[PDB]
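This document starts with one chain, in the form solved without the DNA, laid out as structure tokens.
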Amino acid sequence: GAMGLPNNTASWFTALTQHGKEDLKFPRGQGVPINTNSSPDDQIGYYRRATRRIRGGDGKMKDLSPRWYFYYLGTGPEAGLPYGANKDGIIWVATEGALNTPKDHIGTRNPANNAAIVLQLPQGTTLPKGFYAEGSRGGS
């Protein structure tokens, strides 16, 4: 049947978009995007794979490219995901000083009320080859 539980829980940031053969992976102690709305312990999280399509009657597709959104550790009430838990399209990331405890309190963002932040990485940290961020540009 349909599912419509009252749990919106939207990622704070815009999508990362892949163009390549890899899916997405960040090295140890790195990968956490600039969280302007979080404490230094709150930085811990993961990126969640996402795509979006619709069903046109005549088979029409939207076919948005593979994307990733950043989500904080333990977002979603019954998510059942501790840090490092293996799940499809899930890559755990943390930085120094980040605490291994849940912080669902950040992911209560409503996209109807606020706009997502352009995903950025901190100074000295670069996206892997073939990845770019939604709403981000270079130059200017």
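Quick note: we count residues from 1 along the sequence shown, nothing fancier.
If you look for the form solved in complex with the DNA, you will not find it shown, but the lines that follow are about it.
**Q** So the DNA isn't shown here. In the entry with it bound, which residue out of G84, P111, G97, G29 has a non-hydrogen atom within 4.5 Å of it?
**A** When the DNA is considered in the entry with it bound, the option within 4.5 Å is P111.
**Q** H105 versus the DNA, in the entry with it bound: is there a non-hydrogen atom within 4.5 Å?
**A** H105 lies outside the contact set for the DNA.
**Q** Can you tell me if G56 lies within 4.5 angstroms of the DNA in the entry with it bound, counting non-hydrogen atoms only?
**A** The answer is yes: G56 has a heavy atom within 4.5 Å of the DNA.
**Q** Can you tell me whether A10 touches the DNA? I mean in the entry with it bound, with a 4.5 angstroms heavy atom cut-off.
**A** Within the cut-off, so yes.
**Q** Please tell me whether any heavy atom belonging to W92 falls inside 4.5 Å of a heavy atom of the DNA, as the geometry stands in the entry with it bound.
**A** It does not: once the DNA is placed as it appears in the entry with it bound, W92 has no heavy atom within 4.5 Å of it.
**Q** What are the residues of 48-78, in order along the chain, with a heavy atom within 4.5 Å of the DNA in the entry with it bound?
**A** Heavy-atom contacts to the DNA in the entry with it bound: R48, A50, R52, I54, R55, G56, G57, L64, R67, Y69, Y71.
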